[PDB]
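What follows is one chain in structure tokens, specifically the form deposited in one PDB entry.
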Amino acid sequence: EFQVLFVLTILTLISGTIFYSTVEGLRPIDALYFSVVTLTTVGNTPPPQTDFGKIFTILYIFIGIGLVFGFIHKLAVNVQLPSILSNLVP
């Protein structure tokens, strides 16, 4: 489960990195950062400058938000939870 969500999230982020670095002309790290803060809904950046960028972003959000949060709802629920929970056992 977690491994699958891990991979699916990775692929989604790779696609965004490739897209924004090419169409919005961002350095790869900035393209990855934009993809991440957009899909996690933080959105602490300016918006895309091109219409292609805006259209892709709209579709990218609808298709990737569900997945990204599914992975997060497992990274801290089936991985980070035990680490602390089980450890809270004297």
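Between two forms, the rigid core is the largest collection of C-alphas that superpose within 1.5 Å. The numbering used is simple: start at 1 and walk along the sequence shown.
Below, we refer to the form deposited in another entry, which is not included among the displayed structures.
The Cα position of residue 25 differs by less than 2 Å between this form and the one not shown after fitting on the rigid core. Annotation for residue 36: C-alpha shift under 2 angstroms between this form and the one not shown, rigid core superposed.
With the core superposed, residue 76 shows a C-alpha displacement of at least 2 Å between this form and the one not shown.
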